[PDB]
């Protein structure tokens, strides 16, 4: 059952929304402000839970996807982002370390590619579950490398210049279609994992 | 019909004020913060309108006044003043142009001189259309000239210090009766224009 | 009647609490931090008031105590102490000197001796009217003479080290017996006055 | 004025925002103020240090000028038109703020002139020049803390304004708003019930009656 | 980053010349103007120091550190204090023939109120 | 008149208007700090402090006369130039600041 | 198509996002100061003013065609280069920039 | 006491205190960095992390006895020296650290 809700009582703790959130098992957010600004369907990561996740992810795990491990790290990046968001507003940008900048920066990539959904079905708005894992795999493979570089010495700015080409590709993931690489995932994504490694070795040195 | 109402909830959110406001064409607010500084009747641009204003200012224009233009500007000068004041309070005045001070400075003269008009005499209680024109005309003229003065060289402080007595000369015009000068325009306001122009040259210098 | 109240609906501004503060003549707060430290009741000088004080200080003064003079001075010292700490944060220590440093120190000794109790001893739970009078008499005598001594030439650290035995003996008056000079009268305080005079000679010189 | 129903969720989060802001900026302030105190003490000492060493070298040069004959120092000033000790500036993040720092590099453009050699009189200028170079280089390195110190001086004033500004204007405005709309909001839920209940009693009475 | 390389001076003769031997200021060859100002106490006017200060802070955008003798900063006191920038840094040093007074130093004056 | 000044009401208007301004200037002092404040605020800061411990502090078995209160007002109100004192007419003002 | 462009949906999306950021930044300017602000936020402050005074300001008798209105929307949008605009599909962007 | 050791009440004072200080210290790290961060708070920053990731993170069918729970507690506090665990008796602390 996919059920839409909306307020109806002039309150944010309204009788329709409260009694339904109890009986529901998957809760995926959505914010009105983001949706107007162009990010529909929108999603709120701290105002969501899903009880079925544990079995379902394990199902995707056996078929090919490395899926469970990725899911926890995507939320994690976004959690730290909220904390960062308040410091960023107040003090500014001129005080955050190299690690913290990345957290925001990979967060941008997820916001761009998942939360926005270009068209009815144009711009390949249809992503299969296996493509989605590949879209995510590209960002978190980038996050771990990105976290290692700053830690092993490499300025946020330097690391951004040097990443260059592999970063544009992951940014461009949503226009691409999986039906011309295999049939459900892209040969282009497999090639992307090799390219990441190569880039990283040059850039660190 | 000119009808007073009041709060009943200690707000303008109560059913009484809002219903009577729904119907109305002229709205003249209430400002507790201005009332303390000894201003009565206390109004602000943000809490008042008259849908009759356009047609009314043209009518006033015929009699002698520059009234349409001056009313546009009257609104703008008070609205810009409010936004600036929030930054001065919170952040400081020392992170903000001399120019932004100027808007506030001219605005203040309008705040005491217009708003407080509760009068202690008939001379300070009556203000004909001509006299109302005159006091507004001298203040806008001061603003325009002052921003130039500081911009080609002249500090803030020096400008403030110099105009000095002139700021007062308009302040006191209300206390004096309007039957004086040519008609209902004081010789004190007539001279005041020359004194203003004579002042800009010295301030600038 | 001493009645306890808590928040009701989770707001402590709701009708119940607010109705009762108006009727009350006596208020003594509770704070979670002060409660952890073993100060009970958890009061300072602004989370508490008594308007019964006036008649009461008059009653006690009659009995023999010099009570009204000493009590007022107690309140003043706590109020000041708080205030000098804020200055140390914003202004700095440049507004701090040793006269102020003695003020902080007297308040600390007053907190430990008065405010902190938990019934470690039997003499820490019943202390007569005459004993209470005697503790405040030591600390105010220390204060005025420490300040005089640093003005004829002395330092805070030097005063602190020098007062020493007496300072220790008077803090420990709560553990000590209240039947030492009779049955309600404590002998140590009577012998403090003389020690303090000889002591003041050691601190100055 | 303030919203009729449910500002409270928003105002809750406004209340939270305000309060976190005050804590963090007071920590940022706390670190700047703590570091500044230490730097203030270094500086008072250093000023005496620089003055004494600079003057000792000053006195040695002055005697030299007089003994050699003529005011040598006018001649030296014209003739010199390049500098050995320059600085290349770098940014250092201390206490979340970016400061300017200076790092000296000694260029070998000049090391001897045409006034440190004259013959016998020249040997005196030379002995003087050497005390001055050693003394001065130290003074340049100590001067580096000054530049940062002045930027610190500026930043503490701004940062202090902010902790006090959140405290006085924002937090109590937020208390006053949240309370007025909470009480209105509650009034709606209770009066609604009261009007409906009062009417029901009548409807019930009529049916029993007829 | 780098935008300032010179260390300049306002000082008495023996102090200035010595600073130059140590190798810290220079004269620009294109303007024919010194990045130091010599001064002699009681003998050279208060007004000239005031100009030279303006030449160094606001017209020179290459002076990294402006050094200044305490006695001398005291003559043009307004000018030294009112400049609150670190670009240039102002470093007041005890003047030759005078000890260290902590209140002839512009940055320390400012320090005392608000830590 | 004959028991009050007609100036009595006029004097009240200065006292109330300045008190407020003063109260605002103290609010800015708390936030921004004195150095930041301009000359107008400093005067007003000063007025506020004098108002609290002298005007509204009196005894509890101590009577006052209306004449007497206004004479106390004039001294305290006397901390501003004639440009800034303008909530009373130049005639009455020229006599008494 | 034939009376409205294909860019039309894309164009609205861009205006909201910048207009929104600009508003958010103006609020932070007010409390904390311009230490929070950044260069991007300056583009945004500037973008709020251009939008309000050009797009939203028009007659009560000054009618327009839809094609003109999309042409004026574009004018405002020219101040961010292509790489900071991502509310339009890049394919469409290259045509109309 | 008999199936729980005596140290439970004491240990809870230390874990609670550090945990509080620890939330605040992480927010401070984000701004100040680690070039001017306080030492006490630096250990508390690391403390926030372990308190979550081992004392609060456990298995699905992982069961731990109360004695065990107490031991883990001391291990997290073991990093701090004695002079930053000063709210506990030297007898208890010397045994349990």
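Should a chain be cited, it is by its letter among A, B, C, D, E, F, G and H, assigned in written order, with residues numbered from 1 in that chain.
Assume a residue touches a chain if its C-beta (ideal position, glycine included) is under 8 Å from a C-beta of that chain, and two chains touch if they have at least 3 such contacts.
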Intersection of the contact lists for chain C and chain E: D
Fitted rotation between chain B and its twin chain C in degrees, CA, nearest 5: 115
Chain of greatest Cα-centre distance to chain G: C
Separation of mean Cα positions, chain D and chain B [Å, integer]: 40
Chain centre separation in whole Å, for chain G relative to chain D (CA means): 36
Centroid spacing, where centroids are CA-atom means, of chain G and chain H in whole angstrom: 52
Chain B-chain E separation of Cα centroids, rounded to whole Å: 48
Multi-chain contact sites of chain F, meaning residues that touch two or more partners: 31-33, 35-36
Per-residue overlap in chain D, given as positions that touch at least 2 other chains: 20-21, 24-25, 28, 33, 37, 93, 96, 157-158, 160-162, 164-165, 169-170
In chain C, residues with contacts to at least two other chains: 90, 92
Interfacial residue positions of chain A with respect to chain D in the complex: 10-13, 86-87, 90-91, 94-95
Residues of chain A defined as touching chain G within the complex: 33, 36-38, 89-94, 112, 118, 123, 175
Residue numbers on chain E that touch chain C, as the complex places them: 112-115
Residues of chain C touching chain E in the complex: 90-94
Touching residues (chain side chain D, partner chain E) in the complex: 33, 36-37, 40, 43-44, 47-48, 50-52, 54-55, 57-58, 61-62, 65, 71-74, 76-78, 80-91, 100, 102, 106, 110, 128-129, 132-133, 135-137, 139-140, 143, 146-151, 153-154, 156-157, 160
